[PDB]
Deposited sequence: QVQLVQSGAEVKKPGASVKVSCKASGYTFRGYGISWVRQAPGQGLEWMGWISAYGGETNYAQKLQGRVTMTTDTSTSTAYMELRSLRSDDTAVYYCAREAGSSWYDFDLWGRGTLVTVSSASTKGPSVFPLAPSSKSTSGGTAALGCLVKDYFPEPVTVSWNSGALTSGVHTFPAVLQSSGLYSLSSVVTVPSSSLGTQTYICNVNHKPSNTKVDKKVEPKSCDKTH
């Protein structure tokens, strides 16, 4: 019993996205499907619902005209298209089984799909040091899109590490910092940015 969503999308403003969601382990047509999205650091926003039995839909007012939800009963898949994409459509998009008898609720959820909408284009990070109970770290700057990952000494150094949520800059590019509280070895932040095939290893020297 699960809902398996398509992968992360990266779109330009004005473009279109289509997210899919495959159901298994239950009678798909018995239930509804809804889409719920969550922009970074925000709450949940309902987008719409579709009957998997008869294809009747209901969409949130805000999105009427740009959104289309469909199902493929042959494959037990739900689809959400959203058109004329703007920056503020950036969010994780969830598929949920709507399963209430004579109310609506969402008892089974997909894992979410990140959709990033921006003018920017794939770019690896420049990695700069934050030179050194003492503290030191690694400023990972000007990458796009999310996500990046940061290890310290190839996973070895774990304790008192704090890798911060990225912030989206006025540039349209992301920045984060990883700090580490060491006692007053060599140090080497390991930065990996999958979307640009970019991986950097930099040593914070005193």
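Going by the record, the unmodelled stretches of the deposited sequence, in order, are 1, 134 to 141, 194 to 198, 221 to 227.
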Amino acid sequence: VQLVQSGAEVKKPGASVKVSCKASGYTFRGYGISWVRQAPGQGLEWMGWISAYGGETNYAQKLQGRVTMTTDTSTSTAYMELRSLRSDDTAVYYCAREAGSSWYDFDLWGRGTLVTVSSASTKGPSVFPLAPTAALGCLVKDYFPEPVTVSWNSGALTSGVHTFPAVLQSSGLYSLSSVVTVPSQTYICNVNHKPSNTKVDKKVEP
From here on, numbers count along this sequence of modelled residues.
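Between 174 to 182 and 44 to 52, it is 174 to 182 that carries the larger average Cα temperature factor according to the deposited entry. Set 119 to 127 against 83 to 91 and average the Cα temperature factors; 119 to 127 ends up higher. The PDB entry gives the largest Cα B-factor of the residues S154, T27, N58, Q61 to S154. Going by the entry's values, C138 shows the largest Cα B-factor out of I33, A166, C138, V36. Compared with the other modelled residues of the chain, the Cα B-factor recorded for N192 ranks in the highest third.
Per-chain ranking of the deposited C-alpha B factor places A8 in the middle third.
Sorting the modelled residues of the chain by their CA temperature factor places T133 in the highest third. Among the modelled residues of the chain, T198 sits in the highest third by CA temperature factor in this PDB entry.
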